[PDB]
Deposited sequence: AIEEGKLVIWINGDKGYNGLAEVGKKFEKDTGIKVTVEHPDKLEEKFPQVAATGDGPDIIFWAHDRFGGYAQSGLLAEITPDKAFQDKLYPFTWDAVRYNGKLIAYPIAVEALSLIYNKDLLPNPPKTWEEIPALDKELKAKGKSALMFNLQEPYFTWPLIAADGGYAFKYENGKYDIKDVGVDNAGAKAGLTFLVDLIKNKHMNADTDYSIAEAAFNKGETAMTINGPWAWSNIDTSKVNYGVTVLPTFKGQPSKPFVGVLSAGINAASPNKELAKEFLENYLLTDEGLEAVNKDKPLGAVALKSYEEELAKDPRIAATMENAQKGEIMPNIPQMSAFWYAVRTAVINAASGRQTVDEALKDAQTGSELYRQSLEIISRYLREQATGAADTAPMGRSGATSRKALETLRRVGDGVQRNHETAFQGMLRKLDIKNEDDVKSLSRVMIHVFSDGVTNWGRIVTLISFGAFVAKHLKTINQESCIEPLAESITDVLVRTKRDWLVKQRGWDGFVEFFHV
């Protein structure tokens, strides 16, 4: 990471150009160049590169991912003095607090709202239950009632949560990670309603962010569900739109997750003090937040002074009304694995790969297996590639034994089958990031004859280590943990049942015992 320079990562749907403009005012005053980037999958990439001491100086994401970052040592504790802390709303500081420390600067409060085309639908529905009849009416006219992103569970969560879904139970000052709330009647009722819309052809299971945004901004669909960042492209489209409270389901408010967009500082940055100066004295000011907001609306900002100025905006009022119906996201380190598991459940139910009930029943153990598997497999592939064991801490006994097993068994596979593994690598001709992403097709082919056993599982992880050694060799070391993640995904997404029956990683250690 370059000293005397700031590199900032923010998601590509946010106002990164406005933020880069704030960066230019910083550079003007200081000589420090500010580079703003919007990598894909940055919320997964950031912990990967930061773990090796690289990556951006500053990372922007909703607050739900930062607990996991902090737990892994990847974030600097920030040090705002009392006067600065008083300039932002107290509940936004609460969102960026982890094990008693501030780990990020709060920027803005986000919640999803219903966005509707006033020319197609001046009186939008108050209930989800009305949408099928409305869609059938709009189809006779060449239109559709509603399109929104079905590939990210963030967007279906308001409906799942409406009748009782929840992520983790909060009781006695603590989230209880053993009490996950998607395998209950209300969550199932909400997701069933969503899958019925798809089954009856009011919705298409393949709809993603880009498709829904294009349809609404082209006036092809009467409604969408999206956050404040989306308002600016609608302005450009000259669709005449309103932003309103989400529909009710079984008479209950939709309950969107509330995110606080937050800016954390890399623990590996040599520019911590410059980062603090940029965030406190340039970004978190009326003029700094205005430049970002004019690019893509931020929502209800954390800075009291500027939020008072925008609060008259009726679109912000609707955001805050949906937010009050919803719930602030937990920030515990299990949130990443939760989202992995709920994303699979929603996509599986929507597509018919599983029933609604089976899909949500799997989610909890899927999240626990994912988290444990990802750590084991990622640690093995990294130590194989670098020659050095990771000293950071760890379900920890089992994960320690599993990794000891891999050093013996996985190393053994790579010894005995080196000639095969070398020809496989030559044949695949891995050069770049797309090459590595495409290996998920290899992994599925390992299991396509329908057989699963521990030997195939360990061989796939062993080949993953073999490929990872090669990736460091060609200066693509950052691709190692995406590889580990795709191996982990194939195993948990398609072999969850088998892993559970075989006692997971305890069974793995047992099977390969000397």
Q. What's missing from the model if you number the deposited sequence from 1?
A. 1, 396-397
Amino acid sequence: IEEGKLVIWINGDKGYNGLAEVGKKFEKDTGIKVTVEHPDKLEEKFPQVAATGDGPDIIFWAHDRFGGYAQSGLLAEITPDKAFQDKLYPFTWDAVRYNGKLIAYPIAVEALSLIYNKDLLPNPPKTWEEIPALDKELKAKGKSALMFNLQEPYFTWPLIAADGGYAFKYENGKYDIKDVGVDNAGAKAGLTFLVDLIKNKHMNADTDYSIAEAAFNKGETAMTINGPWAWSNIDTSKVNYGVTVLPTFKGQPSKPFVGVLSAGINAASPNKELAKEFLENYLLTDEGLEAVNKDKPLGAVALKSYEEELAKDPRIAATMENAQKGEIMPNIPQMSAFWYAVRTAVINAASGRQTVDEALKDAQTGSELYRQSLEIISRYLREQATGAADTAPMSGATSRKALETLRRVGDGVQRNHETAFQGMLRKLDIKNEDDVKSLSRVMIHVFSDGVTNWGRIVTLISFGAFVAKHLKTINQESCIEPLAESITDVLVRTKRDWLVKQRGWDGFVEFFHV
From here on, numbers count along this sequence of modelled residues.
Q | Which of 109-117 and 87-95 has higher mean CA B factor, as the PDB entry lists it | A | 87-95
(Q) Tell me which stretch, 437-445 or 384-392, has the higher mean Cα B-factor listed in the entry. (A) 384-392
Q: Just grab whichever of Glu77, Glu220, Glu130, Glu368 has the top CA B-factor as deposited.
A: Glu77
Q: Tell me which of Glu375, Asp357, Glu171, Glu418 tops the list for C-alpha B factor in the record.
A: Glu171
**Q.** Relative C-alpha B-factor of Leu6, binned into the chain's lowest, middle or highest third
**A.** highest
(Q) Quick check on the deposited entry: does the C-alpha B-factor of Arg408 sit in the lowest, middle or highest third of its chain? (A) lowest
Q. C-alpha B factor of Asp286, ranked within the chain: lowest, middle or highest third?
A. highest
Q: Consider only the C-alpha atoms of the modelled residues in this chain, order them by B-factor as the entry records it, and name the third containing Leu483: lowest, middle or highest.
A: lowest
Q: Determine, from the deposited record, the chain-internal third of the Cα B-factor for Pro47: lowest, middle or highest.
A: highest
